[PDB]
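The numbering of the sequence shown is the authors' numbering, which starts it at 1 and goes up by one. Heads up, the beta-carbon is just placed ideally off N, CA and C, and yes, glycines get one too. Comments concern the structure below.
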Amino acid sequence: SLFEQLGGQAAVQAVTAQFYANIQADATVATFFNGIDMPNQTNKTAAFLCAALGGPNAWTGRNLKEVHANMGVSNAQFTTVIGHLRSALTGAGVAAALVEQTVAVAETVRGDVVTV
Ligand code: HEM
Ligand SMILES: [Xe]
């Protein structure tokens, strides 16, 4: 599973952590996460990706389409975050092919987060 090729639980965690960091460091999207609990965002998202990446414990949390309704996220902006995931995976040492495969799974949620 990509989850395994990636190195497991801790690997997805570390990558997600860097993911949000790269987000808050980007002016163009950092705004949506204003006054947002970052360690929680890191944890939930991690849980979510492990599941989507083939992990053991599947996703239980809220419906993402529902979570992000009326949030003002645009495709450009979503794309930008995806790039934050890609840079995060890259600086993490992930091999190119795996990066894109992980980013590919992340992209599936584009339809549930983008609303404008
Ligand atoms: C431009 C892209 C995105 C923006 C601006 C965004 C923004 C947010 C915000 C602001 C929240 C917090 C909700 C609140 O308490 O007010 C949230 C929660 C969440 N987002 Fe995103 N999000 C984006 C992309 C994603 C992606 C790509 C994923 C999947 C890796 C994702 C998964 C989640 C999850 C799991 C939660 C928490 C759901 C829960 O606790 O049940 N988000 N997002
Ligand atoms: Xe990840």
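By the criterion of a C-beta distance shorter than 8 Å, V73 is surrounded in its chain by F32, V113, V114, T115 and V116, once the five residues flanking it on both sides are discounted. Residue range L2 to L6 is occupied by the alpha helix (DSSP H) that includes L2. Distance from the CA of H68 to the CA of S87, rounded to the nearest whole angstrom, comes to 23 Å. In the structure shown, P39 adopts helical secondary structure according to DSSP, grouped into three states.
Of the candidates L2, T60 and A46, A46 places its Cα closest to the Cα of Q18. A contact is defined here as three or more CB-CB pairs under 8 Å, and the stretch 11-28 meets this definition with respect to the stretch 42-62. The alpha helix (DSSP H) runs of length 4 or more contained entirely in the stretch 65-111 are, from start to end of the chain, 75-91 and 96-107. The beta carbon of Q101 sits closer than 6 Å to those of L2, all from its chain and outside the five residues before and after it, given in chain order. If you draw a straight line from the Cα of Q24 to the Cα of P39, it is about 12 Å long.
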